[PDB]
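Some notes on the structure that comes next.
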Amino acid sequence: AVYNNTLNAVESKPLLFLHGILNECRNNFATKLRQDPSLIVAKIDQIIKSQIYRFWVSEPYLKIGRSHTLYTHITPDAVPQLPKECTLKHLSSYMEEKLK
Amino acid sequence: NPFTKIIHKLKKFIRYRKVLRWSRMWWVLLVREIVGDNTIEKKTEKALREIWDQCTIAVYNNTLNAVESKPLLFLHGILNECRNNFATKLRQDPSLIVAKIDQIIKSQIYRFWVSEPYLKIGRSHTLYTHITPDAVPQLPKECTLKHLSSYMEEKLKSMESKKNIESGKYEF
Amino acid sequence: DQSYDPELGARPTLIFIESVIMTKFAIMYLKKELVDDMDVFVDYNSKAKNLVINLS
Amino acid sequence: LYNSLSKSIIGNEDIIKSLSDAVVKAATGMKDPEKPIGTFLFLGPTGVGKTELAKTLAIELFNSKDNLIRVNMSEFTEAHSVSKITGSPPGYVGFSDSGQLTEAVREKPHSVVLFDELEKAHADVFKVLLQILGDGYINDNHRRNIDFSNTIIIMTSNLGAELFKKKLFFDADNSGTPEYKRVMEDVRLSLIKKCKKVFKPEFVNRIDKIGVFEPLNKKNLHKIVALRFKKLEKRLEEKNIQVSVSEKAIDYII
Amino acid sequence: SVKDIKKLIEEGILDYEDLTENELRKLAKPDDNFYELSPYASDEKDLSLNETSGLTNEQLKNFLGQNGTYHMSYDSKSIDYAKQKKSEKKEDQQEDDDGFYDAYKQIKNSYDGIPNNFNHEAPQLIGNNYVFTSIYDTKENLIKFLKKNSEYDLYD
Amino acid sequence: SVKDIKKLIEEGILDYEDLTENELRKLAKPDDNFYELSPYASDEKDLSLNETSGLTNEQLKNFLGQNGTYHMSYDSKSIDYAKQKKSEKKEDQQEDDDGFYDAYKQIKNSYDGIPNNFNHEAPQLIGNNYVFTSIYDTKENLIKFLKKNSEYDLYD
Ligand SMILES: Nc1ncnc2c1ncn2[C@@H]1O[C@H](COP(=O)(O)OP(=O)(O)OP(O)(O)=S)[C@@H](O)[C@H]1O
């Protein structure tokens with residue numbers, strides 16, 4: 001739904017799509033998922049609201065998206081892990097430390 | 001379903017062949033104004049050219065005036081038709097297509113799309129098919145939104161920054 | 001140029017005169033760096049900055 | 001006076017610098033004969049000591065709570081209520097008093113004029129306020145001038161609930177200079193921008209210093225409470241009360 | 001040897017590696033506050049349920065599945081309805097955040113296997129066995145122990 | 001030789017052509033403010049999402065595709081609904097906000113590959129490699145360098 005709305009290329013300007021795709025599924029999950037025990041709408045709210053999705057586009061991560069791999073070949077092993085200071089779990093822990 | 005696809009591709013050629021000369025030309029300029037020297041997608045032009053063609057089909061059925069006789073009436077008609085046709089279809093605009101066509105109407109920089117280099121293509125006998133981005137000469141820099149936008153930095157943030165003070169940081 | 005705003009009608013230009021320049025004239029009068037008979041010659045330093053050259 | 005206000009009130013010393021220097025201009029010949037000295041617009045989040053400054057200036061600059069003149073703007077929410085400020089015009093009910101606020105300034109020209117919460121009033125009440133911050137040429141029903149020279153016109157109003165400072169300081173850090181300083185001014189600009197939205201920007205030009213108060217958290221709140229116990233030391237001794245605080249005694253409260 | 005005393009000695013003298021199997025089992029079981037009756041819960045503003053949610057359309061899902069060169073996926077009626085009612089009956093009651101703090105507390109609880117208003121002790125499977133944690137005692141130093149050291153070998 | 005110092009020398013002495021490959025690579029990477037945690041965002045009035053948008057009708061799209069000598073393309077219900085709800089309270093503010101400065105700032109950010117409320121450093125592909133720019137440091141003199149000089153040859 002987002003790539004039919006963008007004249008810009010995906011490789012040319014990648015974060016425009018992260019703001020477009022995550023907000024599309026911030027609402028697409030909200031209109032479909034009634035109960036979130038794993039808080040899927042709630043966490044995508046805070047990835048938008050805290051802008052820590054900028055680490056999903058980085059120098060280790062721009063190498064996979066440029067490379068010629070079909071999307072079926074992409075596994076969780078091919079994507080390298082974010083550092084712990086970048087993830088939401090340490091962001092949510094460091095927040096509760098500061099506010100409490 | 002492929003047969004019905006063929007005739008309704010033909011029905012934009014038997015009729016509507018004069019507008020799509022001016023339509024595809026005003027779309028090649030519009031993709032340059034929306035994107036502005038970044039790689040455009042060759043595949044989802046086709047999703048958005050069909051919506052732009054349906055804007056010009058909808059305007060040319062509403063005008064008794066000829067397109068060659070009074071061309072800017074159509075730019076006010078077509079761009080406002082796809083200022084709303086994109087708004088009712090495109091939910092997320094990462095490239096801000098509704099937002100930029102808002103400012104082309106409100107700042108009236110679409111008068112450069114109808115000029116002496118540009119009126120020669122629309123009068124000439126070229127099928128819409130043959131109108132490519134190479135056929136469309138580029139606007140000067142002053143007429144891209146970029147320059148205009150950048151000119152709205154300079155104005156506002158020279159004065160937005162002169163909004164208020166630290167009131168005592170200023171020493172002598 | 002530090003307080004140009006025509007939409008507010010150039011009252012912030014005079015507030016900036018009163019809240020900055022006149023306040024330094026009031027603070028430096030209480031402490032005795034300004035004698036009652038002193039001529040004041042304000043000039044800009046062209047060093048990012050304001051200075052007032054006191055004269056007698 | 002800059003040191004004494006930093007005692008009872010802690011945060012937002014840049015507002016105090018704009019506040020104390022207006023007294024410094026009044027104490028010397030740097031006086032504006034038309035404009036009332038010390039007009040302020042105290043926007044900020046709910047809970048901080050905004051109206052408390054008007055109490056401290058009455059206790060310090062005027063040695064009495066009598067020079068504090070509260071204006072309960074909750075009484076003045078109606079559009080008809082604006083006559084209660086300036087009194088009833090001639091030929092109507094009343095007219096013997098010149099008004100609620102306008103009579104009381106006449107006997108004490110050297111006094112602060114507190115306005116409590118400007119967020120809840122009709123805009124007709126703001127129309128009289130244009131002259132109030134502008135000049136001392138305020139006429140009664142008998143049309144005599146009232147001397148608002150030497151009156152410090154403190155005007156708190158919240159708007160705390162609405163947005164900017166409403167966004168809770170995300171990082172409750174004391175002051176990150178590259179962060180807090182930048183983001184606060186962006187919200188303060190918005191606060192000023194909002195005023196054009198409602199306070200009718202003619203009124204904004206009459207303001208000498210809009211001051212946004214910084215919202216309290218654990219770093220600031222840790223420092224406040226010991227002075228509240230020192231307020232219990234001064235008032236409640238002679239009958240002999242002298243409290244003391246600890247590391248745990250403040251952490252238990254926060 | 002008792003459940004309560006060992007965690008007072010974890011800071012002082014002894015580490016986590018030298019505990020008994022029956023001591024690691026006891027320290028992962030819930031405390032005595034579990035089984036003690038307390039029928040009261042508060043702040044029923046949970047981020048688990050979405051009030052904007054609706055049924056599967058089964059005609060839109062048919063249309064979105066055929067890839068249809070479309071421009072929007074979701075329905076956007078109930079999520080604009082919640083935006084409108086927030087601006088009208090909310091602007092009287094003025095703005096509220098609910099993210100300055102109530103969001104990040106409930107997100108961190110969902111990483112520990114704890115529901116959002118749940119004030120009691122909650123299990124989460126670490127390796128082969130369960131560890132009962134709560135909001136109050138997060139048992140984070142045990143989770144570091146039973147993930148790192150219990151990769152290859154077994155503990156109960 | 002350090003990322004921060006070279007841009008202080010670009011105005012003074014040295015140009016952009018004489019930098020090292022490892023210096024051009026370092027100057028296009030993000031600064032140290034990237035990776036530094038800051039969970040603060042504001043002004044959630046973005047021009048990216050359109051509140052007037054709706055689903056594909058699939059009967060109108062069938063009707064508009066057959067060229068049908070029609071007179072209007074879009075649906076015009078939700079875009080007259082947004083016009084009506086805008087007129088409800090005369091707009092004292094916004095008759096001339098939100099049609100001005102906030103529009104042109106977010107348009108210029110979309111030419112740099114930056115989202116609308118995004119206060120951090122954002123990539124954009126220039127030639128063969130990426131350049132991380134933000135609102136604050138636009139890196140415009142690098143984009144002039146890696147477009148003009150890097151037409152024919154390769155730099156990393
Ligand atoms: N910076 C501060 N210095 C000293 N006392 C403070 C400060 N901030 C808050 N307080 C105390 O907290 C209370 C603040 O009262 P106020 O907030 O001024 O009343 P108020 O201003 O009408 O509140 P709002 O924001 O309008 S709901 C008083 O008890 C003060 O003593």
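Identifiers for the structure tokens are assigned positionally: chains receive A, B, ... in sequence, residues are indexed from 1 per chain, and ligands are indexed from 1 in the order shown.
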
| said: Show me which residues are within 7 Å of ligand 1 counting only C-alpha atoms and all ligand atoms, and format the list as a count of residues only. | reply: 16

| task | With a distance threshold of 12 Å and counting only C-alpha atoms, extract the residues of chain D near chain A and express them as a list in words. | result |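 Result, ordered by chain then number: residues 168, 169, 170, 171, 172, 173, 174, 216, 217, 218, 219, 251 and 254 of chain D.
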
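Separating atom CA of residue 108 of chain F from atom CA of residue 105 of chain B is a distance of 17.1 Å.
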
| request: Would you kindly return, as a PyMOL selection string, each protein, DNA or RNA residue with an atom no farther than 10 Å from any atom of residue 56 of chain F, considering only C-alpha atoms and excluding same-chain residues fewer than 2 positions away? | output: (chain B and resi 88-90) or (chain E and resi 60+63-64+68-73) or (chain F and resi 53-54+58-61)

Would you mind exporting the chosen residues as a JSON list (two decimals), in the first residue's frame, restricted to N, CA, C and O atoms?
[["chain", "number", "residue", "atom", "x", "y", "z"],
["B", 88, "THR", "N", -8.11, 11.29, -1.84],
["B", 88, "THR", "CA", -9.10, 10.28, -1.48],
["B", 88, "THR", "C", -8.57, 8.87, -1.72],
["B", 88, "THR", "O", -9.21, 7.90, -1.31],
["B", 89, "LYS", "N", -7.42, 8.74, -2.38],
["B", 89, "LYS", "CA", -6.88, 7.41, -2.63],
["B", 89, "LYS", "C", -5.63, 7.14, -1.80],
["B", 89, "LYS", "O", -5.57, 6.14, -1.09],
["B", 90, "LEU", "N", -4.64, 8.03, -1.87],
["B", 90, "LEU", "CA", -3.35, 7.81, -1.22],
["B", 90, "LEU", "C", -3.50, 8.10, 0.27],
["B", 90, "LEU", "O", -3.69, 9.25, 0.66],
["E", 60, "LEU", "N", -12.81, -6.97, 1.69],
["E", 60, "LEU", "CA", -11.55, -6.25, 1.62],
["E", 60, "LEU", "C", -10.36, -7.20, 1.68],
["E", 60, "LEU", "O", -9.38, -7.02, 0.96],
["E", 63, "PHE", "N", -9.97, -8.52, -1.51],
["E", 63, "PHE", "CA", -9.43, -7.52, -2.44],
["E", 63, "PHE", "C", -7.97, -7.23, -2.17],
["E", 63, "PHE", "O", -7.19, -7.01, -3.11],
["E", 64, "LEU", "N", -7.56, -7.21, -0.90],
["E", 64, "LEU", "CA", -6.16, -6.96, -0.61],
["E", 64, "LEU", "C", -5.29, -8.16, -0.92],
["E", 64, "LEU", "O", -4.08, -8.01, -1.08],
["E", 68, "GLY", "N", -3.93, -6.29, -6.53],
["E", 68, "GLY", "CA", -4.82, -5.20, -6.92],
["E", 68, "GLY", "C", -4.37, -3.75, -7.10],
["E", 68, "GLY", "O", -5.25, -2.89, -7.20],
["E", 69, "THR", "N", -3.05, -3.50, -7.22],
["E", 69, "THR", "CA", -2.39, -2.17, -7.30],
["E", 69, "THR", "C", -3.05, -1.08, -6.43],
["E", 69, "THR", "O", -3.19, 0.07, -6.84],
["E", 70, "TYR", "N", -3.42, -1.44, -5.21],
["E", 70, "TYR", "CA", -4.20, -0.58, -4.33],
["E", 70, "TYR", "C", -3.31, 0.41, -3.58],
["E", 70, "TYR", "O", -2.09, 0.36, -3.65],
["E", 71, "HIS", "N", -3.96, 1.31, -2.84],
["E", 71, "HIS", "CA", -3.28, 2.44, -2.22],
["E", 71, "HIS", "C", -3.49, 2.54, -0.71],
["E", 71, "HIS", "O", -2.81, 3.33, -0.06],
["E", 72, "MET", "N", -4.42, 1.76, -0.15],
["E", 72, "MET", "CA", -4.61, 1.75, 1.30],
["E", 72, "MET", "C", -5.08, 0.36, 1.71],
["E", 72, "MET", "O", -5.91, -0.24, 1.04],
["E", 73, "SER", "N", -4.55, -0.13, 2.83],
["E", 73, "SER", "CA", -4.86, -1.45, 3.35],
["E", 73, "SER", "C", -6.03, -1.47, 4.32],
["E", 73, "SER", "O", -7.01, -2.18, 4.10],
["F", 53, "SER", "N", -8.64, 10.07, 3.25],
["F", 53, "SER", "CA", -8.45, 8.97, 2.32],
["F", 53, "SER", "C", -9.38, 7.81, 2.62],
["F", 53, "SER", "O", -9.83, 7.63, 3.75],
["F", 54, "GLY", "N", -9.65, 7.02, 1.59],
["F", 54, "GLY", "CA", -10.55, 5.89, 1.73],
["F", 54, "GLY", "C", -10.09, 4.73, 0.88],
["F", 54, "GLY", "O", -9.11, 4.83, 0.13],
["F", 58, "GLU", "N", -13.65, -0.31, -6.08],
["F", 58, "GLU", "CA", -13.65, -1.52, -6.92],
["F", 58, "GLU", "C", -14.87, -1.59, -7.84],
["F", 58, "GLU", "O", -14.90, -2.39, -8.78],
["F", 59, "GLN", "N", -15.86, -0.73, -7.64],
["F", 59, "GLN", "CA", -16.96, -0.51, -8.57],
["F", 59, "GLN", "C", -16.81, 0.83, -9.28],
["F", 59, "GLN", "O", -17.13, 0.95, -10.47],
["F", 60, "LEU", "N", -16.32, 1.84, -8.57],
["F", 60, "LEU", "CA", -15.94, 3.09, -9.20],
["F", 60, "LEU", "C", -14.69, 2.92, -10.05],
["F", 60, "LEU", "O", -14.61, 3.46, -11.15],
["F", 61, "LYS", "N", -13.72, 2.15, -9.55],
["F", 61, "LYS", "CA", -12.50, 1.89, -10.31],
["F", 61, "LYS", "C", -12.80, 1.07, -11.56],
["F", 61, "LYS", "O", -12.13, 1.23, -12.59]]

| request: Please report as a VMD selection string which residues of chain B come no farther than 9 Å from chain A, using only C-alpha atoms. | output: chain B and resid 31 34 to 35 38 to 45 47 to 48 89 to 97

Selected residues written out with C-alpha atoms, as a compact mmCIF listing (two decimals), in the first residue's frame:
# COMPACT_ATOMS: atom_id res chain seq x y z
CA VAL B 31 6.90 14.09 -11.28
CA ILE B 34 7.37 16.13 -6.65
CA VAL B 35 10.65 14.22 -6.77
CA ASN B 38 15.98 11.49 -7.23
CA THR B 39 15.36 8.07 -8.76
CA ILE B 40 11.68 7.81 -9.67
CA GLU B 41 9.99 4.43 -9.76
CA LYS B 42 9.24 3.35 -13.30
CA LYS B 43 6.60 0.91 -12.05
CA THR B 44 4.36 3.05 -9.82
CA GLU B 45 4.25 5.92 -12.22
CA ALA B 47 -0.34 3.34 -10.85
CA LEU B 48 -0.34 7.13 -10.59
CA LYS B 89 -6.88 7.41 -2.63
CA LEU B 90 -3.35 7.81 -1.22
CA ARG B 91 -3.48 7.31 2.54
CA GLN B 92 0.23 7.58 3.40
CA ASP B 93 2.30 9.96 1.30
CA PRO B 94 5.99 9.42 2.02
CA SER B 95 6.81 11.51 -1.03
CA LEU B 96 4.07 14.02 -0.04
CA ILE B 97 2.16 13.98 -3.33

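Backbone DSSP over segment 126-199 of chain D yields strand (DSSP E) at residues 138, 139, 145, 146, 153, 154, 155 and 156 of chain D.
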
Go ahead and save the residues from that selection, with C-alpha atoms, as a CSV table (one decimal), in the first residue's frame.
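Result saved to out.csv:
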chain,number,residue,atom,x,y,z
D,138,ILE,CA,-7.4,53.7,33.3
D,139,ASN,CA,-10.5,55.6,34.1
D,145,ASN,CA,-7.0,58.0,36.4
D,146,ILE,CA,-5.6,55.1,38.4
D,153,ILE,CA,1.2,43.1,37.0
D,154,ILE,CA,1.7,39.3,37.4
D,155,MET,CA,-0.6,37.3,35.1
D,156,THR,CA,-0.4,33.6,35.6

| field | Distance-based interface of chain E with chain A, 10 Å, counting only C-alpha atoms, as a PyMOL selection string | value | chain E and resi 46-57+64+67-79+99-111+113-116

| query | By least-squares superposition of chain F on chain E, using all C-alpha atoms in order, what RMSD in Å to one decimal is obtained? | reply | 1.2 Å

| Which parts of chain B does DSSP call alpha helix (DSSP H) when run on the backbone here, written out as a PyMOL selection string? | chain B and resi 2-14+19-34+45-60+72-89+97-107+119-123+145-160

Written file, previous selection with C-alpha atoms, as a tab-separated table (two decimals), in the first residue's frame:
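Contents of result.tsv, freshly written:
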chain	number	residue	atom	x	y	z
B	2	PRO	CA	-7.61	-8.91	-21.05
B	3	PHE	CA	-9.96	-8.11	-23.96
B	4	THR	CA	-11.89	-5.52	-21.94
B	5	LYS	CA	-8.50	-4.13	-20.88
B	6	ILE	CA	-7.55	-3.64	-24.55
B	7	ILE	CA	-10.61	-1.67	-25.73
B	8	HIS	CA	-10.51	0.67	-22.75
B	9	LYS	CA	-6.86	1.24	-23.58
B	10	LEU	CA	-8.06	1.98	-27.11
B	11	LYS	CA	-10.79	4.35	-25.91
B	12	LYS	CA	-8.13	6.73	-24.62
B	13	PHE	CA	-6.71	6.80	-28.15
B	14	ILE	CA	-9.80	7.15	-30.36
B	19	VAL	CA	-5.60	16.08	-23.87
B	20	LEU	CA	-3.18	13.24	-23.15
B	21	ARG	CA	-0.61	15.16	-25.14
B	22	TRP	CA	-1.05	18.01	-22.66
B	23	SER	CA	-1.76	15.60	-19.79
B	24	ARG	CA	1.32	13.38	-19.95
B	25	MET	CA	3.39	16.51	-20.53
B	26	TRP	CA	2.03	18.15	-17.39
B	27	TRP	CA	2.63	14.88	-15.54
B	28	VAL	CA	6.30	14.63	-16.58
B	29	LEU	CA	6.75	18.11	-15.13
B	30	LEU	CA	4.78	17.16	-12.02
B	31	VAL	CA	6.90	14.09	-11.28
B	32	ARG	CA	9.95	16.35	-11.55
B	33	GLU	CA	8.37	18.84	-9.14
B	34	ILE	CA	7.37	16.13	-6.65
B	45	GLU	CA	4.25	5.92	-12.22
B	46	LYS	CA	1.84	3.55	-13.96
B	47	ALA	CA	-0.34	3.34	-10.85
B	48	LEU	CA	-0.34	7.13	-10.59
B	49	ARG	CA	-0.49	7.96	-14.30
B	50	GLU	CA	-3.84	6.15	-14.46
B	51	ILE	CA	-5.13	8.39	-11.68
B	52	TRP	CA	-3.73	11.44	-13.45
B	53	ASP	CA	-5.28	10.34	-16.74
B	54	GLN	CA	-8.63	9.94	-14.97
B	55	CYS	CA	-8.26	13.50	-13.72
B	56	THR	CA	-7.83	14.84	-17.27
B	57	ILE	CA	-10.60	12.65	-18.65
B	58	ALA	CA	-12.81	14.09	-15.92
B	59	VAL	CA	-11.86	17.71	-16.65
B	60	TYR	CA	-12.01	17.62	-20.45
B	72	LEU	CA	-4.14	27.25	-17.89
B	73	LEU	CA	-7.84	26.66	-17.26
B	74	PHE	CA	-7.03	22.97	-17.48
B	75	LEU	CA	-4.03	23.18	-15.13
B	76	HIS	CA	-6.29	24.75	-12.53
B	77	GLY	CA	-8.85	22.08	-13.36
B	78	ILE	CA	-6.60	19.03	-13.61
B	79	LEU	CA	-4.27	19.71	-10.66
B	80	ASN	CA	-7.20	20.44	-8.34
B	81	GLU	CA	-8.92	17.30	-9.58
B	82	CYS	CA	-5.84	15.27	-8.63
B	83	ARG	CA	-5.24	17.39	-5.55
B	84	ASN	CA	-8.36	15.63	-4.33
B	85	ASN	CA	-8.14	12.38	-6.32
B	86	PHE	CA	-4.78	11.65	-4.72
B	87	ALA	CA	-6.20	12.73	-1.36
B	88	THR	CA	-9.10	10.28	-1.48
B	89	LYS	CA	-6.88	7.41	-2.63
B	97	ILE	CA	2.16	13.98	-3.33
B	98	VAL	CA	-1.02	15.60	-2.01
B	99	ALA	CA	1.05	18.03	0.04
B	100	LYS	CA	3.15	19.27	-2.87
B	101	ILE	CA	0.20	19.66	-5.27
B	102	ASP	CA	-1.33	21.76	-2.48
B	103	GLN	CA	1.59	24.19	-2.72
B	104	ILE	CA	1.72	24.21	-6.51
B	105	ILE	CA	-1.87	25.48	-6.47
B	106	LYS	CA	-1.42	27.87	-3.54
B	107	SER	CA	1.81	29.42	-4.84
B	119	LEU	CA	3.70	25.27	-25.68
B	120	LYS	CA	5.62	23.78	-28.61
B	121	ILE	CA	5.19	20.18	-27.45
B	122	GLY	CA	1.45	20.47	-26.81
B	123	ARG	CA	0.77	21.94	-30.24
B	145	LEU	CA	9.50	23.65	-5.41
B	146	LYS	CA	12.96	23.00	-3.94
B	147	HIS	CA	14.13	26.53	-4.64
B	148	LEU	CA	10.82	27.95	-3.49
B	149	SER	CA	10.84	25.75	-0.38
B	150	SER	CA	14.45	26.73	0.33
B	151	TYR	CA	13.39	30.33	-0.15
B	152	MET	CA	10.83	29.73	2.59
B	153	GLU	CA	13.53	28.46	4.96
B	154	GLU	CA	15.53	31.59	4.60
B	155	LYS	CA	12.63	33.97	5.11
B	156	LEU	CA	10.98	32.26	8.01
B	157	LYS	CA	13.93	30.94	9.94
B	158	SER	CA	15.68	34.29	9.66
B	159	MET	CA	12.66	35.61	11.53
B	160	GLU	CA	11.46	32.47	13.34

| request: Mind checking which residues fall within 8 Å of segment 29-43 of chain F, counting only C-alpha atoms, ignoring those fewer than 2 positions away in the same chain, and posting them as a ChimeraX atom specification? | output: /A:49-52,55,85-86,91 /D:170-171 /F:3,25-27,45-46,117-121,131-133

File of the preceding selection, N, CA, C and O atoms, as a short mmCIF file (atom, residue, chain, number, x, y, z; two decimals), in the first residue's frame:
data_model
loop_
_atom_site.label_atom_id
_atom_site.label_comp_id
_atom_site.auth_asym_id
_atom_site.auth_seq_id
_atom_site.Cartn_x
_atom_site.Cartn_y
_atom_site.Cartn_z
N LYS A 49 6.91 7.18 17.95
CA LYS A 49 7.00 8.27 18.92
C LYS A 49 8.38 8.56 19.50
O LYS A 49 8.61 9.64 20.04
N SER A 50 9.28 7.59 19.43
CA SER A 50 10.63 7.78 19.94
C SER A 50 11.69 7.75 18.87
O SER A 50 12.86 7.99 19.18
N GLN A 51 11.31 7.42 17.63
CA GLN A 51 12.14 7.50 16.43
C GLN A 51 13.39 6.64 16.54
O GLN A 51 14.47 7.04 16.09
N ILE A 52 13.26 5.46 17.15
CA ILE A 52 14.39 4.55 17.26
C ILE A 52 14.35 3.57 16.10
O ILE A 52 15.06 2.55 16.11
N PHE A 55 17.65 3.18 13.46
CA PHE A 55 18.70 2.18 13.52
C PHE A 55 18.40 1.01 12.62
O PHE A 55 19.29 0.18 12.38
N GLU A 85 21.60 -1.05 23.01
CA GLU A 85 21.24 0.34 23.30
C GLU A 85 20.24 0.88 22.28
O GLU A 85 19.68 1.97 22.48
N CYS A 86 20.03 0.16 21.19
CA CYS A 86 19.15 0.64 20.13
C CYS A 86 17.75 0.06 20.25
O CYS A 86 16.78 0.66 19.78
N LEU A 91 15.29 0.68 25.77
CA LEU A 91 14.66 1.99 25.77
C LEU A 91 13.52 2.06 26.78
O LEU A 91 13.36 3.06 27.48
N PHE D 170 10.17 14.17 28.81
CA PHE D 170 10.44 12.82 28.44
C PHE D 170 11.64 12.31 29.22
O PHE D 170 11.64 11.19 29.73
N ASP D 171 12.66 13.16 29.32
CA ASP D 171 13.82 12.83 30.10
C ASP D 171 13.72 13.81 31.26
O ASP D 171 13.72 15.03 31.05
N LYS F 3 36.02 13.06 12.30
CA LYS F 3 34.77 13.40 11.62
C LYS F 3 34.36 14.85 11.87
O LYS F 3 33.88 15.54 10.97
N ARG F 25 33.97 8.71 3.50
CA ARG F 25 33.10 7.70 4.09
C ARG F 25 32.68 8.12 5.49
O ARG F 25 31.53 7.92 5.90
N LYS F 26 33.60 8.71 6.24
CA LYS F 26 33.31 9.09 7.62
C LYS F 26 32.41 10.32 7.68
O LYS F 26 31.58 10.44 8.59
N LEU F 27 32.56 11.23 6.72
CA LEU F 27 31.77 12.45 6.75
C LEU F 27 30.33 12.21 6.30
O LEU F 27 29.45 13.02 6.61
N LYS F 45 1.41 16.70 13.63
CA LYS F 45 0.60 17.13 12.50
C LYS F 45 1.45 16.96 11.25
O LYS F 45 2.15 17.87 10.82
N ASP F 46 1.42 15.75 10.69
CA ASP F 46 2.22 15.43 9.53
C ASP F 46 1.38 15.51 8.26
O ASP F 46 0.19 15.21 8.28
N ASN F 117 8.27 14.52 11.17
CA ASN F 117 8.59 14.86 12.55
C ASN F 117 9.94 14.31 12.98
O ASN F 117 10.24 14.27 14.17
N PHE F 118 10.76 13.91 12.01
CA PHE F 118 11.98 13.18 12.32
C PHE F 118 13.13 14.15 12.58
O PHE F 118 13.62 14.81 11.67
N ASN F 119 13.56 14.21 13.84
CA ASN F 119 14.56 15.17 14.27
C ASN F 119 15.98 14.62 14.18
O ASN F 119 16.91 15.28 14.67
N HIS F 120 16.18 13.46 13.58
CA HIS F 120 17.48 12.81 13.59
C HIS F 120 18.04 12.67 12.19
O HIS F 120 17.50 13.23 11.24
N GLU F 121 19.13 11.92 12.06
CA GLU F 121 19.89 11.94 10.82
C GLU F 121 19.45 10.81 9.90
O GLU F 121 19.37 9.65 10.30
N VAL F 131 24.28 8.96 2.13
CA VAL F 131 24.70 10.14 2.87
C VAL F 131 23.66 10.43 3.93
O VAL F 131 22.49 10.69 3.60
N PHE F 132 24.06 10.41 5.19
CA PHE F 132 23.16 10.64 6.30
C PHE F 132 23.07 12.13 6.59
O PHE F 132 24.03 12.73 7.08
N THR F 133 21.92 12.73 6.28
CA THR F 133 21.68 14.15 6.52
C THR F 133 20.54 14.29 7.52
O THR F 133 19.80 13.34 7.78
#
